[PDB]
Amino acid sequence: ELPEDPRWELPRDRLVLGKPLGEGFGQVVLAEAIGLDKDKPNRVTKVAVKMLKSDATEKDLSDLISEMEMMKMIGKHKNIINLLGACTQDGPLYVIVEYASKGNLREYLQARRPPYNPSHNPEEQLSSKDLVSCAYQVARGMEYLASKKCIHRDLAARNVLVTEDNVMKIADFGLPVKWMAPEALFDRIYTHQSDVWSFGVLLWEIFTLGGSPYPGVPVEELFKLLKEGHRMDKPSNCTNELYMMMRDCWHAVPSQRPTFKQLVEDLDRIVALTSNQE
C-alpha cells in the first residue's frame, strides 16, 4: 500500500463526501472537510476530492499518485487549483484540492453572453474590465507554473476554474489540437512557449465569451492552414491592443512569443487603464 505523508494526511472521517462533480484519471466529488485547518478544528470547508473509478487500472493509480506528488512540489499559488490534503491509509486514495463553485471558464463565459447563450439559467453581464482581469489572473497562474518549470500542455478556458469569489484557477497542470502550438502539433515539442500559444487561444475564448476557435475548420486541415500563416480574426468586441497580444502569442517562431512574465506585465497595465464602465 501507499506510504503516509503527515504534511498532507487528513483522517478519513474528517471528510464528508458529497455530490458527484463528474469525471476529472478518475472521478471528482464535492465534499466537506472538518478542521482542515488544525488550528480551527470545528470549521467545515468545501473541497473537491479525487478518487479512482471502480473499473480502474494500475496505470490509473500510479498516475493519480504522480499527480498528487507533483502538486506537492509545485507549491501554492492563488491562481492555480491547490492541494489541500489526502486520505491515503484507511482505504481508497483521496486527493483533496480547492473547490471552484462556479465551474470552468468556458461555461462561465458562455452563460454570461447576452440574448448564442445555450444556458436556460443565464447570469449577469461581465464588464470589459472583468474580461481583462480574468486574462490577467490566468496569466499570473501560468507565470507561476512556468517559474516552477511546469509545462501545462493543455491550457484552455475549459481548464480554468472559477471560485465563488470569481478568482480564476488553472486546472490539471500536473498531468484540443485547436489550442496547440504548431511545433506541439507537428513534432510533439511542448515548451513554455507553446503554452504561450495556448494562452493566445484562451485570450480569444475570453473575448468571444467562450467561442469555439476556428469554427468549421477540420482538424486535419488546421496544421497546413497554420503553416500557411492562418490566424483567427479579431473577435467582434475586442480592442486592437488585445488582439495584437493574441497575435504575438501565435508567433510562428517560438522564441519570438512573449513570456508569461511579460504578458502579466502588459495585462496588469491594460487592466489599470480599463475602467469599470467601458
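Rigid core (definition): largest C-alpha set, two forms, superposition within 1.5 Å. In case it trips you up, residue 1 is the first one in the sequence shown, and so on.
- After superposition on the rigid core, the larger root-mean-square Cα deviation in 6 other deposited structures of this protein belongs to 88 to 96, not to the other of 88 to 96 and 154 to 162.
- The stretch that moves more in 6 other deposited structures of this protein, judged by CA deviation after a rigid core superposition and choosing between 232 to 240 and 216 to 224, is 216 to 224.
- Omission of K148 is seen in none of the other entries compared for this protein where the adjacent residues are built, far below a third.
- Across the other PDB entries of this protein whose models span the neighbouring residues, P118 goes unmodelled in a third or more.
- Per the record, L175 and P176 are separated by 10 or more deposited residues that are missing from the model.
- Where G24 is followed by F25 in the displayed chain, the model omits 1 to 3 of the deposited residues that sit between the two.
- Between 94 to 102 and 118 to 126, the higher mean Cα B-factor belongs to 118 to 126.
- On average the C-alpha atoms of 181 to 189 have higher B-factors than those of the other stretch, with 181 to 189 and 74 to 82 being the two compared.
- Out of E67, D248, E32, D37, it is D37 whose C-alpha atom has the highest B-factor in the PDB entry.
- You'll see in the entry that, of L226, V47, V253, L209, the Cα B factor peaks at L226.
- Ranked against the other modelled residues of its chain, the C-alpha B-factor of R257 as given in the entry falls in the lowest third.
- In this PDB entry, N159 carries a Cα temperature factor that places it within the lowest third of its chain's modelled residues.
- Among all modelled residues in this chain, the alpha-carbon of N166 has a temperature factor (C-alpha) in the middle third.
- Among the modelled residues of the chain, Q110 sits in the middle third by CA temperature factor in this PDB entry.
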